[PDB]
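Below: input11.cif (mmCIF, C-alpha atoms)
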data_start
loop_
_atom_site.group_PDB
_atom_site.id
_atom_site.type_symbol
_atom_site.label_atom_id
_atom_site.label_comp_id
_atom_site.auth_asym_id
_atom_site.auth_seq_id
_atom_site.Cartn_x
_atom_site.Cartn_y
_atom_site.Cartn_z
ATOM 1 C CA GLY A 1 77.554 116.825 106.949
ATOM 2 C CA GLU A 2 77.604 115.346 110.454
ATOM 3 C CA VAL A 3 79.916 115.979 113.417
ATOM 4 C CA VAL A 4 81.981 113.357 115.269
ATOM 5 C CA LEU A 5 81.725 112.801 119.042
ATOM 6 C CA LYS A 6 83.743 110.362 121.199
ATOM 7 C CA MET A 7 82.069 109.014 124.369
ATOM 8 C CA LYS A 8 83.263 106.832 127.260
ATOM 9 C CA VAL A 9 81.167 103.712 127.947
ATOM 10 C CA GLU A 10 82.446 102.621 131.341
ATOM 11 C CA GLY A 11 80.692 100.024 133.539
ATOM 12 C CA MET A 12 79.834 97.411 130.854
ATOM 13 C CA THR A 13 83.319 95.796 131.029
ATOM 14 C CA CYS A 14 82.069 92.812 128.927
ATOM 15 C CA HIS A 15 82.031 92.290 125.125
ATOM 16 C CA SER A 16 78.249 91.654 125.170
ATOM 17 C CA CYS A 17 76.867 95.235 125.194
ATOM 18 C CA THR A 18 77.892 96.723 121.848
ATOM 19 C CA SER A 19 75.511 95.783 119.017
ATOM 20 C CA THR A 20 72.471 96.207 121.228
ATOM 21 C CA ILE A 21 73.613 99.721 122.127
ATOM 22 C CA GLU A 22 74.787 100.460 118.554
ATOM 23 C CA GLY A 23 71.570 99.290 116.869
ATOM 24 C CA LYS A 24 69.323 100.834 119.576
ATOM 25 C CA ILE A 25 71.179 104.167 119.592
ATOM 26 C CA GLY A 26 70.979 104.035 115.769
ATOM 27 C CA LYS A 27 67.291 105.073 116.148
ATOM 28 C CA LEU A 28 68.110 108.150 118.248
ATOM 29 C CA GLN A 29 67.155 111.483 116.731
ATOM 30 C CA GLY A 30 70.305 113.020 115.206
ATOM 31 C CA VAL A 31 72.521 109.928 115.066
ATOM 32 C CA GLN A 32 73.979 108.969 111.667
ATOM 33 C CA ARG A 33 76.576 106.349 112.686
ATOM 34 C CA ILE A 34 77.895 104.631 115.834
ATOM 35 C CA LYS A 35 80.996 102.504 116.564
ATOM 36 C CA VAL A 36 81.323 101.037 120.113
ATOM 37 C CA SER A 37 84.719 99.612 121.214
ATOM 38 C CA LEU A 38 84.101 97.655 124.437
ATOM 39 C CA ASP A 39 87.832 96.788 124.174
ATOM 40 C CA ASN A 40 88.743 100.462 124.388
ATOM 41 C CA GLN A 41 85.816 101.017 126.855
ATOM 42 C CA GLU A 42 85.141 103.894 124.484
ATOM 43 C CA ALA A 43 82.830 104.641 121.542
ATOM 44 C CA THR A 44 82.541 107.047 118.583
ATOM 45 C CA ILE A 45 79.185 108.434 117.400
ATOM 46 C CA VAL A 46 78.429 110.823 114.518
ATOM 47 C CA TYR A 47 75.480 113.258 114.836
ATOM 48 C CA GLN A 48 74.580 116.971 114.532
ATOM 49 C CA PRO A 49 73.629 119.596 117.207
ATOM 50 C CA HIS A 50 70.088 120.045 115.852
ATOM 51 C CA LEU A 51 68.197 116.832 116.536
ATOM 52 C CA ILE A 52 70.240 116.196 119.734
ATOM 53 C CA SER A 53 71.393 118.451 122.596
ATOM 54 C CA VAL A 54 74.982 117.146 122.196
ATOM 55 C CA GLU A 55 75.036 115.702 125.707
ATOM 56 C CA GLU A 56 71.570 114.096 125.537
ATOM 57 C CA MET A 57 73.145 111.498 123.241
ATOM 58 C CA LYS A 58 75.364 110.284 126.128
ATOM 59 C CA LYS A 59 72.675 110.732 128.775
ATOM 60 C CA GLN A 60 70.501 108.252 126.823
ATOM 61 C CA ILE A 61 73.304 105.733 127.330
ATOM 62 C CA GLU A 62 73.555 106.709 131.042
ATOM 63 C CA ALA A 63 69.791 106.028 131.153
ATOM 64 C CA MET A 64 70.434 102.416 129.975
ATOM 65 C CA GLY A 65 72.053 101.849 133.410
ATOM 66 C CA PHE A 66 75.774 101.951 132.562
ATOM 67 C CA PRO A 67 77.385 105.215 133.812
ATOM 68 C CA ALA A 68 78.918 106.614 130.592
ATOM 69 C CA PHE A 69 80.734 109.915 129.976
ATOM 70 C CA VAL A 70 81.482 112.687 127.435
ATOM 71 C CA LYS A 71 85.057 112.920 126.053
ATOM 72 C CA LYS A 72 84.659 114.874 122.785
ATOM 73 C CA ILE A 73 81.852 117.161 121.555
ATOM 74 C CA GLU A 74 80.557 118.763 118.360
ATOM 75 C CA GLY A 75 82.699 121.526 116.777
ATOM 76 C CA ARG A 76 84.541 122.530 113.580
#
What do you get writing this file as structure tokens?
Amino acid sequence: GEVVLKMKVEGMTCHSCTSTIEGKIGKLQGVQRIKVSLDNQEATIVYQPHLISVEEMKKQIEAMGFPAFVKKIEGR
């Protein structure tokens, strides 16, 4: 079963960079689900530390241009 992560998605500040990110990031190795809340300026992804390096997940978003950040991480 997967592990939850919560990420910060600062910089966008406009309700027009969710579904793109969600859908796109949906192809990333290790991701199982995504929910982006531009409202909250925050997002919740579910993945496992096998196909992704935990942080890489966020860094892919940083790579889009918008400086994001890591709030939560994998654990149990």
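Residue nearest residue 25 in chain A within the list A:63, A:7, A:43, A:57: A:57 [criterion: smallest interatomic distance, only C-alpha atoms].
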Q: Evaluate the PyMOL selection byres ((chain A and resi 38) around 8) on the structure here and hand back the selected residues as a ChimeraX atom specification.
A: /A:9,12-15,17-18,36-37,39-43
Determine the residue set returned by the PyMOL selection byres ((chain A and resi 28) around 9) for the present structure, and present it as a PDB file with C-alpha atoms, in the coordinates of the input.
ATOM      1  CA  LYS A  24      69.323 100.834 119.576  1.00  0.00           C
ATOM      2  CA  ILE A  25      71.179 104.167 119.592  1.00  0.00           C
ATOM      3  CA  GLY A  26      70.979 104.035 115.769  1.00  0.00           C
ATOM      4  CA  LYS A  27      67.291 105.073 116.148  1.00  0.00           C
ATOM      5  CA  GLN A  29      67.155 111.483 116.731  1.00  0.00           C
ATOM      6  CA  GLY A  30      70.305 113.020 115.206  1.00  0.00           C
ATOM      7  CA  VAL A  31      72.521 109.928 115.066  1.00  0.00           C
ATOM      8  CA  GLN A  32      73.979 108.969 111.667  1.00  0.00           C
ATOM      9  CA  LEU A  51      68.197 116.832 116.536  1.00  0.00           C
ATOM     10  CA  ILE A  52      70.240 116.196 119.734  1.00  0.00           C
ATOM     11  CA  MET A  57      73.145 111.498 123.241  1.00  0.00           C
ATOM     12  CA  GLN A  60      70.501 108.252 126.823  1.00  0.00           C
TER      13      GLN A  60
END
(Q) Give me, as a PyMOL selection string, all polymer residues having an atom no more than 9 Å from residue 33 in chain A, counting only C-alpha atoms and skipping those fewer than 2 positions away in the same chain. (A) chain A and resi 22+26+31+35+44-47
Q: Quick one: pull the distance between CA of residue 11 in chain A and CA of residue 74 in chain A, Å, one decimal.
A: 24.1 Å
Q: Using only C-alpha atoms, determine which residues lie at most 12 Å from residue 76 in chain A, disregarding the query and same-chain residues fewer than 3 positions distant; provide the list as a list in words.
A: residues 1, 2, 3, 4, 5, 48, 49, 72 and 73 of chain A
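Put simply, CA of residue 71 in chain A is 6.5 Å away from CA of residue 8 in chain A.
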Q: Would you work out the distance separating CA of residue 20 in chain A from CA of residue 55 in chain A, expressed in Å to one decimal?
A: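 Separating CA of residue 20 in chain A from CA of residue 55 in chain A is a distance of 20.2 Å.
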Q | Best match for closeness to residue 21 in chain A among A:67, A:34, A:50, A:56, counting all atoms listed in the file | A |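 The closest residue to residue 21 in chain A is A:34.
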Export range 20-59 of chain A from the structure block above, keeping N, CA and C atoms, as a CSV table (one decimal), in the first residue's frame.
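selection_1.csv written:
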chain,number,residue,atom,x,y,z
A,20,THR,N,-3.3,20.3,-15.0
A,20,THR,CA,-2.0,20.1,-15.7
A,20,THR,C,-1.0,19.3,-14.9
A,21,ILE,N,-0.7,19.9,-13.7
A,21,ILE,CA,0.3,19.4,-12.8
A,21,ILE,C,-0.2,18.0,-12.4
A,22,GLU,N,-1.5,17.8,-12.0
A,22,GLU,CA,-2.0,16.6,-11.4
A,22,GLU,C,-1.8,15.5,-12.4
A,23,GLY,N,-2.5,15.6,-13.6
A,23,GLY,CA,-2.4,14.8,-14.8
A,23,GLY,C,-1.0,14.5,-15.1
A,24,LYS,N,-0.1,15.5,-15.3
A,24,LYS,CA,1.3,15.3,-15.7
A,24,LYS,C,2.0,14.4,-14.7
A,25,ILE,N,2.0,14.9,-13.4
A,25,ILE,CA,2.6,14.2,-12.3
A,25,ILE,C,2.1,12.8,-12.1
A,26,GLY,N,0.8,12.6,-12.5
A,26,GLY,CA,0.2,11.2,-12.6
A,26,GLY,C,1.0,10.2,-13.4
A,27,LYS,N,1.9,10.6,-14.3
A,27,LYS,CA,2.7,9.7,-15.0
A,27,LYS,C,4.0,9.4,-14.3
A,28,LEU,N,4.4,10.1,-13.3
A,28,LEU,CA,5.7,10.0,-12.6
A,28,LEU,C,5.8,8.7,-11.9
A,29,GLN,N,7.0,8.1,-12.1
A,29,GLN,CA,7.3,6.8,-11.6
A,29,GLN,C,7.1,6.8,-10.0
A,30,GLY,N,6.2,6.0,-9.5
A,30,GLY,CA,5.9,5.9,-8.1
A,30,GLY,C,4.6,6.5,-7.6
A,31,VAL,N,4.1,7.5,-8.4
A,31,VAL,CA,2.9,8.2,-8.0
A,31,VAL,C,1.7,7.3,-8.3
A,32,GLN,N,0.7,7.3,-7.3
A,32,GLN,CA,-0.5,6.5,-7.3
A,32,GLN,C,-1.7,7.5,-7.4
A,33,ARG,N,-1.7,8.6,-6.6
A,33,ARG,CA,-2.7,9.6,-6.7
A,33,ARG,C,-2.1,10.9,-6.3
A,34,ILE,N,-2.7,12.0,-6.8
A,34,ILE,CA,-2.4,13.4,-6.5
A,34,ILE,C,-3.7,14.2,-6.3
A,35,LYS,N,-3.6,15.1,-5.4
A,35,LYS,CA,-4.7,16.2,-5.2
A,35,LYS,C,-3.9,17.5,-4.9
A,36,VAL,N,-4.1,18.5,-5.8
A,36,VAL,CA,-3.5,19.8,-5.7
A,36,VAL,C,-4.6,20.8,-5.3
A,37,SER,N,-4.3,21.6,-4.2
A,37,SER,CA,-5.2,22.6,-3.7
A,37,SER,C,-4.6,23.9,-3.8
A,38,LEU,N,-4.7,24.6,-5.0
A,38,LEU,CA,-4.2,25.9,-5.3
A,38,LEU,C,-4.7,26.9,-4.2
A,39,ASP,N,-6.0,26.8,-3.8
A,39,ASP,CA,-6.6,27.5,-2.7
A,39,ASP,C,-5.6,27.4,-1.5
A,40,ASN,N,-5.3,26.2,-1.0
A,40,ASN,CA,-4.5,26.0,0.1
A,40,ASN,C,-3.0,26.3,-0.1
A,41,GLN,N,-2.6,26.4,-1.4
A,41,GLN,CA,-1.3,26.6,-1.9
A,41,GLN,C,-0.4,25.4,-1.6
A,42,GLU,N,-1.1,24.3,-1.5
A,42,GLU,CA,-0.6,23.0,-0.9
A,42,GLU,C,-1.2,21.9,-1.7
A,43,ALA,N,-0.6,20.7,-1.6
A,43,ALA,CA,-1.0,19.6,-2.4
A,43,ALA,C,-0.6,18.3,-1.7
A,44,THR,N,-1.3,17.2,-2.0
A,44,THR,CA,-1.2,15.9,-1.3
A,44,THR,C,-0.9,14.9,-2.4
A,45,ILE,N,0.2,14.1,-2.4
A,45,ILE,CA,0.5,13.1,-3.3
A,45,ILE,C,0.6,11.8,-2.5
A,46,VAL,N,0.3,10.6,-3.2
A,46,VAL,CA,0.5,9.3,-2.6
A,46,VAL,C,1.4,8.5,-3.5
A,47,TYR,N,2.5,8.0,-3.0
A,47,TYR,CA,3.6,7.3,-3.7
A,47,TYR,C,4.3,6.3,-2.7
A,48,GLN,N,5.3,5.6,-3.2
A,48,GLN,CA,6.2,4.8,-2.3
A,48,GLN,C,7.7,5.0,-2.6
A,49,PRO,N,8.5,5.0,-1.5
A,49,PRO,CA,9.9,5.2,-1.6
A,49,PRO,C,10.6,3.9,-2.2
A,50,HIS,N,10.4,3.7,-3.5
A,50,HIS,CA,10.9,2.6,-4.3
A,50,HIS,C,11.2,3.2,-5.7
A,51,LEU,N,10.1,3.7,-6.3
A,51,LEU,CA,10.1,4.2,-7.7
A,51,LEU,C,10.6,5.7,-7.7
A,52,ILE,N,10.5,6.3,-6.5
A,52,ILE,CA,10.8,7.7,-6.3
A,52,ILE,C,11.8,7.9,-5.1
A,53,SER,N,12.6,8.9,-5.2
A,53,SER,CA,13.6,9.2,-4.1
A,53,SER,C,13.0,10.1,-3.0
A,54,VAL,N,11.7,10.1,-2.8
A,54,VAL,CA,10.9,10.8,-1.9
A,54,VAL,C,10.8,12.3,-2.3
A,55,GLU,N,12.0,12.9,-2.4
A,55,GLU,CA,12.2,14.3,-2.6
A,55,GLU,C,12.1,14.6,-4.1
A,56,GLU,N,12.6,13.6,-4.9
A,56,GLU,CA,12.6,13.8,-6.4
A,56,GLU,C,11.2,14.2,-6.9
A,57,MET,N,10.1,13.6,-6.4
A,57,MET,CA,8.7,13.9,-6.6
A,57,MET,C,8.5,15.4,-6.6
A,58,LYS,N,9.0,16.1,-5.5
A,58,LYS,CA,8.8,17.6,-5.4
A,58,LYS,C,9.7,18.3,-6.4
A,59,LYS,N,11.0,17.8,-6.5
A,59,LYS,CA,11.9,18.5,-7.4
A,59,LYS,C,11.5,18.5,-8.8
